[PDB]
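K.L.:
If you scroll down you'll find the structure; I have some questions about it.
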Amino acid sequence: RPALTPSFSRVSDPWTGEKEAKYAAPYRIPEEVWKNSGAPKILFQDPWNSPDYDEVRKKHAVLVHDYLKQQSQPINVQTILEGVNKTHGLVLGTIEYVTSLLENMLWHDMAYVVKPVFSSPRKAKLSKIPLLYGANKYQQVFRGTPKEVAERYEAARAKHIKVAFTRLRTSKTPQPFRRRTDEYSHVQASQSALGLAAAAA
Amino acid sequence: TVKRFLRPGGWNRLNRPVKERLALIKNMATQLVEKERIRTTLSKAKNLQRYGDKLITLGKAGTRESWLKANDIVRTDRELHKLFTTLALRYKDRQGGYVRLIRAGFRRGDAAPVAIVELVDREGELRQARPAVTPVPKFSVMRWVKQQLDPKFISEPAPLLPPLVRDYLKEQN
Amino acid sequence: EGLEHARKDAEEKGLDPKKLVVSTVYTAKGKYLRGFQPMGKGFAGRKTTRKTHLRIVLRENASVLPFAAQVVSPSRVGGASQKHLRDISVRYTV
Amino acid sequence: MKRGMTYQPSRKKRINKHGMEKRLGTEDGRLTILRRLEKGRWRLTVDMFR
Amino acid sequence: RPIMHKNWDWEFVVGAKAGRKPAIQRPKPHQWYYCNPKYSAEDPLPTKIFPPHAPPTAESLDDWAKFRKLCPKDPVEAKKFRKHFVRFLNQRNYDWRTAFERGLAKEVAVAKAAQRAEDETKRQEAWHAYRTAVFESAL
RNA sequence: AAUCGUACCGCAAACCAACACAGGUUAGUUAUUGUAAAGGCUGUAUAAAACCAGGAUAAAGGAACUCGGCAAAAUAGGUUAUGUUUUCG
Ligand SMILES: [K+]
Ligand SMILES: [Mg+2]
Ligand SMILES: [Mg+2]
Ligand SMILES: [Mg+2]
Ligand SMILES: [Mg+2]
């Protein structure tokens, strides 16, 4: 249930970088009429967050992630915003909000960014060309594009073999061992029964 | 009045490091909104009075930016909802001075000074506060002076919806 | 507490409380609780809790000092405070 | 280094080194028991209890 | 005789309520049965010792039968082998409690969060009704 | 199938140090990519002296300090064509 800003031009996004409130008066009035009149502003707009602040943010991320998976090449943030809104309707308002969602995906390796090549660090810092983003069909354990991921895995694979044989040569176990800890108690048994009941219903 | 010090902002040190100092003042400010009257030491009361006045100013603003700042100060959702809805309408016309401080002697054990901090317009108030808008006699020098210096002086409480907003709604409907 | 106890004693004897003067006061040693506290390098010190007796005598029309203290009322809180009725229109005149 | 910790209690050591069975195993230990009987000490050995 | 006890006072187990022997503060595995406030001398004694935190799937465990088959024939190695088996059994009692405490913490956090959402919804709905009244009163 | 141990403290205010002592004290287990589940714990009232202790920043100069680069600071890490010394590793 998206809500429009007092300018009636876009929807407000659930993040700390949003500086516009949601219009909630029963009647539609221009901003200039009531903003300078001196009346309390809370009578016209809601400056707070919704009760489902965390759940809405998670839903928006899934919409962005699914759209990227349907794409076949990296695209800009502007294209992502237009594509999501066209498919589902006016649910996202700004490109900064989408960028924040993408940063979370990049941190956890759910997406990747293609960066340009620059001759000097200062040119890279001052560059203003938009970036391109892609998505991984499944979560990976390495950063970068699929070509970069393959290179990183190859280095990791070599290191693992190097370490395992060095341990064997120095009279250590090739593979570390642990003990199995029991993590199934009476609480877990009752959770499983609850899960079956919900699934049946 | 509250003394001004040399540190950034001119606040009290409350005998604490800055990190612990901010955690304490936020908690007490939350309790002041919930209960509206608290008894504590003089130094914590002086700091709370000045900090409390600036927290009410954010509530009166009623903007997205103001709410974000307040959301980092208040500790409970119920207290934050009250600040923007109930207290915002209560102090529409009052220009400053939303909190009062009265000294109450010394404690028993360590003989520390104490005081009481309270809001200045409500049921259960210690005293009766002056009206938010001061009435002006019709044949006084004060009325003539205000006309010459501030033609937009406010003499009586204003309605929630001013005539311009009411007229627009009537024309629309 | 000692002052109140002494005055009650005077009234039982038939003296006027409004003419009483503190004529004699002194202290006296009581029984002490002895103790010890350790110090550095194996030395030891004393840890004593003291006790004292107090004696007060009140007499009528005894020689007295002229000291007197000024008295003021406390802060007025409640319906007895009327600072909110002040008229501030006078201070704008000449 | 900090001194003063020359006593490291051990129940088995105390019984074996100063016990009644040890004192009765040698002539000198038997003489020690007699000396303590002559002086009239209420407890003869660290090993004694009722 | 049953294999496991099923009637426990859960207020006592979590720690909100005192036990039948208040002097004992941390019951041992074999002391849980008699510290239960719902102890009764008419109930048959279980054939095995389990804490209240054990799952109902432990009734099919037979640990000493398996130990005998793995028993080394050298007495010196057998003594050490037995010592580690007893260590394994004792530790299993406190793995169940740790899982019990972590599992309940997650359920509590979910329920507390759900209540927080409902309270905010009611407050916002109440304010909206008040706001509507102001506009209607002003016509 | 009898007999003895089962409470409470146990990196500690309960054990060894005369103390509620910044010291000493064995083994077994647990969460955590850049962090970290469970569990556990909690400080008389203020501040805009000198001076002392432990930190931070500092113009221009850069060992001129001092018995002595004491203390403090410092790209500290990895791969190198070539050269030197070897007991040839
Ligand atoms: K302010
Ligand atoms: Mg000593
Ligand atoms: Mg025990
Ligand atoms: Mg410098
Ligand atoms: Mg020199």
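Identifiers in the structure tokens: chain A, B, ... in order shown; residue index from 1 per chain; ligand index from 1 in order shown.
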Report as a PyMOL selection string the set of chain A residues whose atoms approach chain F to within 12 Å, with distances computed over only C-alpha atoms (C1' of nucleotides).

P.N.:
chain A and resi 107-108+141-142+178-183

K.L.:
Write out, as a PDB file, in the first residue's frame, the residues just selected, with C-alpha atoms.

P.N.:
ATOM      1  CA  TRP A 107      27.750  -7.247   0.726  1.00  0.00           C
ATOM      2  CA  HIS A 108      26.174 -10.717   0.932  1.00  0.00           C
ATOM      3  CA  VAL A 141      31.031 -17.125  -1.645  1.00  0.00           C
ATOM      4  CA  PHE A 142      33.199 -14.897  -3.874  1.00  0.00           C
ATOM      5  CA  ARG A 178      35.322 -31.582  15.377  1.00  0.00           C
ATOM      6  CA  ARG A 179      32.654 -33.226  17.526  1.00  0.00           C
ATOM      7  CA  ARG A 180      28.978 -33.335  16.595  1.00  0.00           C
ATOM      8  CA  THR A 181      26.887 -31.234  18.988  1.00  0.00           C
ATOM      9  CA  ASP A 182      23.288 -32.295  19.596  1.00  0.00           C
ATOM     10  CA  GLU A 183      20.960 -29.415  18.684  1.00  0.00           C
TER      11      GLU A 183
END

K.L.:
Residues contacting ligand 5 - anything with an atom at most 12 Å away, using only C-alpha atoms (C1' of nucleotides) and all ligand atoms - can you give me those as a count of residues only?

P.N.:
7

K.L.:
Between CA of residue 132 in chain A and CA of residue 116 in chain A, measure the distance and give it in Å to one decimal.

P.N.:
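We find that CA of residue 132 in chain A and CA of residue 116 in chain A lie 9.4 Å from each other.
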
K.L.:
Return as a ChimeraX atom specification the residues of protein, DNA or RNA that approach ligand 1 to within 10 Å, with only C-alpha atoms (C1' of nucleotides) and all ligand atoms taken into account.

P.N.:
/B:50-58,96

K.L.:
What would the file look like if the residues just selected were written as an mmCIF file, in the first residue's frame with N, CA, C and O atoms?

P.N.:
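Wrote result33.cif, looks like this:
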data_model
loop_
_atom_site.group_PDB
_atom_site.id
_atom_site.type_symbol
_atom_site.label_atom_id
_atom_site.label_comp_id
_atom_site.auth_asym_id
_atom_site.auth_seq_id
_atom_site.Cartn_x
_atom_site.Cartn_y
_atom_site.Cartn_z
ATOM 1 N N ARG B 50 17.125 21.782 29.706
ATOM 2 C CA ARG B 50 17.527 22.342 28.420
ATOM 3 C C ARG B 50 17.395 21.312 27.305
ATOM 4 O O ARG B 50 16.982 21.644 26.190
ATOM 5 N N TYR B 51 17.746 20.058 27.588
ATOM 6 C CA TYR B 51 17.585 19.003 26.595
ATOM 7 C C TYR B 51 16.110 18.728 26.327
ATOM 8 O O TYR B 51 15.722 18.440 25.189
ATOM 9 N N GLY B 52 15.275 18.809 27.366
ATOM 10 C CA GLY B 52 13.855 18.557 27.185
ATOM 11 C C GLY B 52 13.174 19.608 26.329
ATOM 12 O O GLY B 52 12.280 19.292 25.539
ATOM 13 N N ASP B 53 13.578 20.871 26.476
ATOM 14 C CA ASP B 53 12.987 21.933 25.667
ATOM 15 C C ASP B 53 13.263 21.711 24.188
ATOM 16 O O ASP B 53 12.395 21.955 23.342
ATOM 17 N N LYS B 54 14.474 21.259 23.854
ATOM 18 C CA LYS B 54 14.832 21.039 22.460
ATOM 19 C C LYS B 54 14.179 19.791 21.882
ATOM 20 O O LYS B 54 14.033 19.694 20.660
ATOM 21 N N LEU B 55 13.784 18.837 22.728
ATOM 22 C CA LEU B 55 13.067 17.665 22.235
ATOM 23 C C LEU B 55 11.623 18.009 21.894
ATOM 24 O O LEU B 55 11.052 17.448 20.953
ATOM 25 N N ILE B 56 11.014 18.921 22.652
ATOM 26 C CA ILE B 56 9.661 19.367 22.332
ATOM 27 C C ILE B 56 9.657 20.149 21.026
ATOM 28 O O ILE B 56 8.704 20.069 20.242
ATOM 29 N N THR B 57 10.717 20.921 20.772
ATOM 30 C CA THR B 57 10.796 21.683 19.532
ATOM 31 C C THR B 57 10.739 20.764 18.318
ATOM 32 O O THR B 57 10.097 21.089 17.313
ATOM 33 N N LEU B 58 11.408 19.611 18.390
ATOM 34 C CA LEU B 58 11.339 18.653 17.291
ATOM 35 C C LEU B 58 9.917 18.145 17.092
ATOM 36 O O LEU B 58 9.453 18.010 15.954
ATOM 37 N N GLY B 96 8.621 28.536 23.608
ATOM 38 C CA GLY B 96 9.654 28.234 24.573
ATOM 39 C C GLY B 96 9.106 28.055 25.976
ATOM 40 O O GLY B 96 7.931 28.289 26.263
#

K.L.:
Using only C-alpha atoms for the distances, tell me which of A:41, A:60, A:69, A:162 is nearest to chain E.

P.N.:
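Between A:41, A:60, A:69, A:162, the residue approaching chain E most closely is A:41.
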
K.L.:
Residues contacting ligand 4 - anything with an atom at most 10 Å away, using only C-alpha atoms (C1' of nucleotides) and all ligand atoms - can you give me those as a list in words?

P.N.:
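Listed by chain and ascending number, the contacts are residues 58, 59, 60, 61 and 62 of chain F.
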
K.L.:
Only residues of chain F matter here; which ones have an atom within 7 Å of chain B, counting only C-alpha atoms (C1' of nucleotides)? Give them as number ranges by chain.

P.N.:
F: 44-45, 48

K.L.:
Can you pull out every residue from range 22-196 of chain A that DSSP, working from the backbone, puts in strand (DSSP E or B), and format the result as number ranges by chain?

P.N.:
A: 22-23, 45-46, 75, 111-114, 132-135

K.L.:
If you keep N, CA and C atoms, can you produce a file of those selected residues as a compact mmCIF listing (two decimals), in the first residue's frame?

P.N.:
# COMPACT_ATOMS: atom_id res chain seq x y z
N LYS A 22 4.63 11.35 4.20
CA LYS A 22 3.49 10.83 3.45
C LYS A 22 2.27 11.70 3.71
N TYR A 23 1.61 12.11 2.63
CA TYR A 23 0.38 12.89 2.76
C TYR A 23 -0.75 11.98 3.22
N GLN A 45 0.29 15.26 7.23
CA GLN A 45 1.27 14.28 6.79
C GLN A 45 1.67 13.39 7.96
N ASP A 46 2.15 12.19 7.62
CA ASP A 46 2.65 11.23 8.60
C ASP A 46 4.16 11.15 8.50
N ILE A 75 22.55 -3.68 -16.08
CA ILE A 75 21.77 -2.49 -16.38
C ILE A 75 22.01 -1.45 -15.30
N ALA A 111 24.54 -10.09 -5.59
CA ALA A 111 24.61 -9.30 -6.81
C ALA A 111 26.04 -8.83 -6.99
N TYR A 112 26.32 -8.28 -8.17
CA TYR A 112 27.65 -7.78 -8.49
C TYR A 112 27.53 -6.52 -9.32
N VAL A 113 28.61 -5.74 -9.33
CA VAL A 113 28.67 -4.46 -10.03
C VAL A 113 29.84 -4.49 -11.00
N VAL A 114 29.63 -3.94 -12.18
CA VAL A 114 30.67 -3.84 -13.21
C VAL A 114 31.21 -2.42 -13.18
N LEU A 132 26.76 -0.36 -13.58
CA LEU A 132 25.93 -1.45 -14.07
C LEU A 132 25.93 -2.58 -13.04
N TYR A 133 24.76 -3.19 -12.84
CA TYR A 133 24.58 -4.21 -11.82
C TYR A 133 24.03 -5.49 -12.43
N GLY A 134 24.46 -6.62 -11.88
CA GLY A 134 23.90 -7.91 -12.22
C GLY A 134 23.50 -8.66 -10.96
N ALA A 135 22.95 -9.85 -11.17
CA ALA A 135 22.47 -10.68 -10.07
C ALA A 135 22.94 -12.12 -10.25

K.L.:
Could you please tell me, as a list in words, which residues of chain B have an atom within 10 Å of chain E when using only C-alpha atoms?

P.N.:
residues 77, 78, 81, 82, 85, 86, 159, 160, 161, 162, 163, 165, 166, 167, 169, 170 and 173 of chain B

K.L.:
Filtering to N, CA and C atoms, could you give me those residues as an mmCIF file, in the first residue's frame?

P.N.:
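For reference, out.cif as written:
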data_model
loop_
_atom_site.group_PDB
_atom_site.id
_atom_site.type_symbol
_atom_site.label_atom_id
_atom_site.label_comp_id
_atom_site.auth_asym_id
_atom_site.auth_seq_id
_atom_site.Cartn_x
_atom_site.Cartn_y
_atom_site.Cartn_z
ATOM 1 N N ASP B 77 8.433 3.327 21.621
ATOM 2 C CA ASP B 77 7.524 3.749 20.560
ATOM 3 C C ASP B 77 6.352 4.546 21.116
ATOM 4 N N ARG B 78 5.791 4.103 22.241
ATOM 5 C CA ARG B 78 4.650 4.800 22.823
ATOM 6 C C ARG B 78 5.015 6.227 23.211
ATOM 7 N N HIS B 81 5.281 8.332 19.952
ATOM 8 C CA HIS B 81 3.980 8.663 19.384
ATOM 9 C C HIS B 81 3.324 9.807 20.145
ATOM 10 N N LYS B 82 3.412 9.783 21.476
ATOM 11 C CA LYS B 82 2.813 10.844 22.279
ATOM 12 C C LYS B 82 3.455 12.191 21.975
ATOM 13 N N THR B 85 2.031 13.717 18.619
ATOM 14 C CA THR B 85 0.585 13.897 18.538
ATOM 15 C C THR B 85 0.037 14.740 19.686
ATOM 16 N N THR B 86 0.265 14.312 20.928
ATOM 17 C CA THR B 86 -0.350 14.985 22.068
ATOM 18 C C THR B 86 0.388 16.268 22.430
ATOM 19 N N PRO B 159 -7.181 28.746 15.673
ATOM 20 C CA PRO B 159 -7.778 27.426 15.450
ATOM 21 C C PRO B 159 -6.809 26.483 14.758
ATOM 22 N N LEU B 160 -7.125 25.189 14.840
ATOM 23 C CA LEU B 160 -6.274 24.185 14.212
ATOM 24 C C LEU B 160 -6.186 24.401 12.707
ATOM 25 N N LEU B 161 -7.318 24.684 12.063
ATOM 26 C CA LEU B 161 -7.351 24.951 10.633
ATOM 27 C C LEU B 161 -7.618 26.432 10.405
ATOM 28 N N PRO B 162 -6.697 27.182 9.807
ATOM 29 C CA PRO B 162 -6.911 28.621 9.627
ATOM 30 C C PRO B 162 -7.988 28.891 8.593
ATOM 31 N N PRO B 163 -8.474 30.131 8.505
ATOM 32 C CA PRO B 163 -9.556 30.422 7.550
ATOM 33 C C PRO B 163 -9.194 30.117 6.108
ATOM 34 N N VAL B 165 -7.367 27.676 4.888
ATOM 35 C CA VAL B 165 -7.554 26.253 4.632
ATOM 36 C C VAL B 165 -9.036 25.906 4.618
ATOM 37 N N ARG B 166 -9.810 26.489 5.536
ATOM 38 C CA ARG B 166 -11.247 26.234 5.549
ATOM 39 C C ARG B 166 -11.902 26.719 4.263
ATOM 40 N N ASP B 167 -11.524 27.912 3.796
ATOM 41 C CA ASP B 167 -12.117 28.443 2.573
ATOM 42 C C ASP B 167 -11.800 27.553 1.378
ATOM 43 N N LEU B 169 -11.229 24.310 1.349
ATOM 44 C CA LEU B 169 -12.033 23.095 1.420
ATOM 45 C C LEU B 169 -13.477 23.364 1.017
ATOM 46 N N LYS B 170 -14.041 24.486 1.470
ATOM 47 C CA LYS B 170 -15.413 24.818 1.100
ATOM 48 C C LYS B 170 -15.545 25.005 -0.405
ATOM 49 N N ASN B 173 -15.309 21.607 -2.144
ATOM 50 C CA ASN B 173 -16.536 20.839 -1.965
ATOM 51 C C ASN B 173 -17.749 21.762 -1.926
#

K.L.:
Return as an MDAnalysis selection string every polymer residue, whether protein, DNA or RNA, with at least one atom no more than 7 Å from an atom of ligand 2; count only C-alpha atoms (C1' of nucleotides) and all ligand atoms.

P.N.:
(chainID C and resid 41:42) or (chainID F and resid 17:18)

K.L.:
Select from chain F every residue with an atom at most 9 Å from any atom of ligand 3, then for each give the shortest pair of atoms and their distance in Å to one decimal, using only C-alpha atoms (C1' of nucleotides) and all ligand atoms, rows by chain and rising number, as CSV.

P.N.:
residue,atom,partner,partner_atom_place_in_ligand_line,distance
F:6,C1',ligand 3,1 (Mg),7.4
F:7,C1',ligand 3,1 (Mg),6.6
F:8,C1',ligand 3,1 (Mg),7.7

K.L.:
Tell me, counting only C-alpha atoms, for each residue of chain C within 10 Å of chain B, which pair of atoms is nearest and how far apart they are in Å to one decimal, in rows ordered by chain and increasing number, as CSV.

P.N.:
residue,atom,partner,partner_atom,distance
C:75,CA,B:102,CA,8.5
C:76,CA,B:127,CA,8.5
C:77,CA,B:127,CA,5.6
C:78,CA,B:127,CA,5.2
C:79,CA,B:127,CA,7.2
C:80,CA,B:127,CA,8.9
C:81,CA,B:127,CA,6.9
C:82,CA,B:128,CA,8.1
C:83,CA,B:130,CA,8.3
C:84,CA,B:130,CA,5.0
C:85,CA,B:130,CA,7.8
C:86,CA,B:130,CA,9.0
C:87,CA,B:134,CA,9.6
C:88,CA,B:142,CA,9.0
C:89,CA,B:142,CA,5.8
C:90,CA,B:142,CA,8.0
C:91,CA,B:142,CA,8.6
C:92,CA,B:142,CA,5.8
C:93,CA,B:141,CA,6.3
C:94,CA,B:141,CA,9.5

K.L.:
With only C-alpha atoms (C1' of nucleotides) as the counted atoms, please give the residues lying no more than 9 Å from range 26-30 of chain E, apart from itself and same-chain residues fewer than 5 positions off, as a PDB file with C-alpha atoms (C1' of nucleotides), in the first residue's frame.

P.N.:
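Okay, selection_32.pdb is ready:
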ATOM      1  CA  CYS E  35      13.016 -31.549  42.824  1.00  0.00           C
ATOM      2  CA  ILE E  49      17.476 -40.888  33.920  1.00  0.00           C
ATOM      3  CA  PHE E  50      16.715 -37.985  31.581  1.00  0.00           C
ATOM      4  CA  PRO E  51      16.499 -34.245  32.259  1.00  0.00           C
ATOM      5  CA  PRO E  52      13.321 -32.301  31.437  1.00  0.00           C
ATOM      6  CA  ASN E  90      27.389 -36.371  30.640  1.00  0.00           C
ATOM      7  CA  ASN E  93      22.739 -33.638  29.003  1.00  0.00           C
TER       8      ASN E  93
ATOM      9  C1'   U F   6      25.944 -36.197  45.694  1.00  0.00           C
TER      10        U F   6
END

K.L.:
Compute the set of chain F residues within 8 Å of chain E, using only C-alpha atoms (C1' of nucleotides), and express it as a PyMOL selection string.

P.N.:
chain F and resi 7+29+37-38

K.L.:
Hey, can you check how far CA of residue 46 in chain C sits from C1' of residue 23 in chain F?

P.N.:
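Separation between CA of residue 46 in chain C and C1' of residue 23 in chain F: 25.1 Å.
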
K.L.:
Interatomic distance between CA of residue 84 in chain B and CA of residue 62 in chain B?

P.N.:
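Taking CA of residue 84 in chain B and CA of residue 62 in chain B, their separation equals 6.6 Å.
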
K.L.:
May I have the residues of chain D within 12 Å of chain C, counting only C-alpha atoms, written as a list in words?

P.N.:
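Here they are: residues 2, 3 and 4 of chain D.
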
K.L.:
Go ahead and dump the residues you just picked, N, CA and C atoms, as a PDB file, in the first residue's frame.

P.N.:
ATOM      1  N   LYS D   2      56.366 -13.445  44.178  1.00  0.00           N
ATOM      2  CA  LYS D   2      55.596 -13.412  45.414  1.00  0.00           C
ATOM      3  C   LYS D   2      55.832 -14.684  46.219  1.00  0.00           C
ATOM      4  N   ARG D   3      56.183 -14.516  47.490  1.00  0.00           N
ATOM      5  CA  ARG D   3      56.373 -15.617  48.421  1.00  0.00           C
ATOM      6  C   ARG D   3      55.196 -15.674  49.390  1.00  0.00           C
ATOM      7  N   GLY D   4      55.217 -16.678  50.264  1.00  0.00           N
ATOM      8  CA  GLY D   4      54.174 -16.865  51.253  1.00  0.00           C
ATOM      9  C   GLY D   4      53.176 -17.955  50.932  1.00  0.00           C
TER      10      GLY D   4
END

K.L.:
What are the residues of chain C that have an atom within 12 Å of an atom of chain F, counting only C-alpha atoms (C1' of nucleotides), as a list in words?

P.N.:
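Using only C-alpha atoms (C1' of nucleotides), chain C residues at most 12 Å from chain F: residues 36, 37, 38, 39, 40, 41, 42, 43 and 44 of chain C.
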
K.L.:
Each residue of chain A with at least one atom at most 8 Å from chain E should appear once, together with its nearest atom pair and the corresponding distance in Å (one decimal); atoms considered: only C-alpha atoms; ordering: chain, then increasing residue number; output as CSV.

P.N.:
residue,atom,partner,partner_atom,distance
A:25,CA,E:131,CA,7.9
A:26,CA,E:132,CA,6.8
A:43,CA,E:131,CA,6.3
A:51,CA,E:117,CA,5.2
A:52,CA,E:117,CA,6.9
A:181,CA,E:95,CA,6.8
A:182,CA,E:95,CA,5.8
A:183,CA,E:99,CA,5.3
A:184,CA,E:99,CA,6.5
A:185,CA,E:55,CA,4.7
A:186,CA,E:55,CA,4.2
A:187,CA,E:100,CA,5.8
A:188,CA,E:103,CA,6.9
A:189,CA,E:55,CA,6.8

K.L.:
Pull N, CA and C atoms from the residues just selected and write them as a PDB file, in the first residue's frame.

P.N.:
ATOM      1  N   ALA A  25      -3.924  13.576   4.782  1.00  0.00           N
ATOM      2  CA  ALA A  25      -5.146  14.306   5.068  1.00  0.00           C
ATOM      3  C   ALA A  25      -6.311  13.715   4.274  1.00  0.00           C
ATOM      4  N   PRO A  26      -7.535  13.793   4.806  1.00  0.00           N
ATOM      5  CA  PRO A  26      -8.684  13.236   4.076  1.00  0.00           C
ATOM      6  C   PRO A  26      -8.977  13.943   2.766  1.00  0.00           C
ATOM      7  N   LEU A  43      -1.292  17.294  11.065  1.00  0.00           N
ATOM      8  CA  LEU A  43      -2.667  17.163  10.604  1.00  0.00           C
ATOM      9  C   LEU A  43      -2.762  16.814   9.125  1.00  0.00           C
ATOM     10  N   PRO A  51       4.097   0.218  10.760  1.00  0.00           N
ATOM     11  CA  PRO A  51       4.351  -0.898  11.687  1.00  0.00           C
ATOM     12  C   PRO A  51       5.146  -2.034  11.070  1.00  0.00           C
ATOM     13  N   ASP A  52       5.074  -2.211   9.754  1.00  0.00           N
ATOM     14  CA  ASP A  52       5.761  -3.291   9.047  1.00  0.00           C
ATOM     15  C   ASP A  52       7.018  -2.790   8.348  1.00  0.00           C
ATOM     16  N   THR A 181      27.667 -31.732  17.865  1.00  0.00           N
ATOM     17  CA  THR A 181      26.887 -31.234  18.988  1.00  0.00           C
ATOM     18  C   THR A 181      25.410 -31.486  18.723  1.00  0.00           C
ATOM     19  N   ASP A 182      24.707 -31.994  19.731  1.00  0.00           N
ATOM     20  CA  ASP A 182      23.288 -32.295  19.596  1.00  0.00           C
ATOM     21  C   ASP A 182      22.486 -31.010  19.752  1.00  0.00           C
ATOM     22  N   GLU A 183      21.724 -30.655  18.717  1.00  0.00           N
ATOM     23  CA  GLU A 183      20.960 -29.415  18.684  1.00  0.00           C
ATOM     24  C   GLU A 183      19.468 -29.681  18.509  1.00  0.00           C
ATOM     25  N   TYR A 184      18.992 -30.826  18.995  1.00  0.00           N
ATOM     26  CA  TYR A 184      17.587 -31.207  18.891  1.00  0.00           C
ATOM     27  C   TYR A 184      17.077 -31.539  20.285  1.00  0.00           C
ATOM     28  N   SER A 185      16.225 -30.677  20.827  1.00  0.00           N
ATOM     29  CA  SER A 185      15.677 -30.826  22.167  1.00  0.00           C
ATOM     30  C   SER A 185      14.152 -30.850  22.094  1.00  0.00           C
ATOM     31  N   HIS A 186      13.517 -30.808  23.266  1.00  0.00           N
ATOM     32  CA  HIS A 186      12.061 -30.844  23.323  1.00  0.00           C
ATOM     33  C   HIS A 186      11.441 -29.647  22.614  1.00  0.00           C
ATOM     34  N   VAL A 187      12.110 -28.493  22.649  1.00  0.00           N
ATOM     35  CA  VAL A 187      11.586 -27.315  21.964  1.00  0.00           C
ATOM     36  C   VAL A 187      11.551 -27.544  20.460  1.00  0.00           C
ATOM     37  N   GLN A 188      12.612 -28.132  19.907  1.00  0.00           N
ATOM     38  CA  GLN A 188      12.652 -28.380  18.470  1.00  0.00           C
ATOM     39  C   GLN A 188      11.568 -29.364  18.048  1.00  0.00           C
ATOM     40  N   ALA A 189      11.313 -30.387  18.866  1.00  0.00           N
ATOM     41  CA  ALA A 189      10.278 -31.356  18.527  1.00  0.00           C
ATOM     42  C   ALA A 189       8.909 -30.693  18.450  1.00  0.00           C
TER      43      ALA A 189
END
